[PDB]
């Protein structure tokens, strides 16, 4: 969580940290802030994984602040099941449904 640029959509170390500290407070055991599915365990599949442990979960970001639910939501920050930032991925530079890594994430 140190200034991630998701292709074109820039996110301050403040924004990554805000969304993650939020995702953290919500996914642990305090509130069910709207959401159809997010946050929820980023279970199985290849393509992407983070050098940590998990089980990690998704939290889709926005270029304004923490969780709004505007749609689309290509840009998504992903955390660990405590309070640690896993990485930041986005559909920005991807093939529609696919994903790519933001600045720092690889």
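Please note: Cβ atoms are built from the backbone with ideal geometry, for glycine as well, and neighbour counts cover all protein chains shown. Taken together, the values in this text are just the output of simple stated rules run on the coordinates, not laboratory data.
Descriptive notes on the structure:
- Any chance residue 88 is surrounded by 17 or more Cβ atoms within 10 Å (Cβ to Cβ), in a loop (DSSP other than H, G, I, E, B) and in contact with a strand residue (DSSP E or B) (Cβ under 6 Å, 6 or more places away or on another chain): no
Rundown of residues vs (1) touching a residue at least 12 places away in the same chain (Cβ under 8 Å); (2) touching a strand residue (DSSP E or B) at 6+ places or on another chain (Cβ under 6 Å); (3) surrounded by 14 or more Cβ atoms within 10 Å (Cβ to Cβ), yes/no style:
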site	(1), (2), (3)
6	yes, yes, yes
14	no, no, no
33	yes, no, yes
45	no, no, no
67	yes, no, yes
80	yes, yes, yes
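- Test: residue 56 is surrounded by 18 or more Cβ atoms within 10 Å (Cβ to Cβ), in contact (Cβ under 8 Å) with a residue 12 or more places away in the chain, under 15 Å from residue 75 (Cα atoms) and out of contact with any helix residue (DSSP H, G or I) (no Cβ under 8 Å at 6 or more places or on another chain): no
- Verdict on residue 106 being free of Cβ contacts under 8 Å to residues at least 60 places away in the same chain and under 12 Å from the mean Cα position of the chain (by Cα): no
- Flag if residue 74 is touching a strand residue (DSSP E or B) at 6+ places or on another chain (Cβ under 6 Å), surrounded by 17 or more Cβ atoms within 10 Å (Cβ to Cβ) and outside any loop (DSSP other than H, G, I, E, B): no
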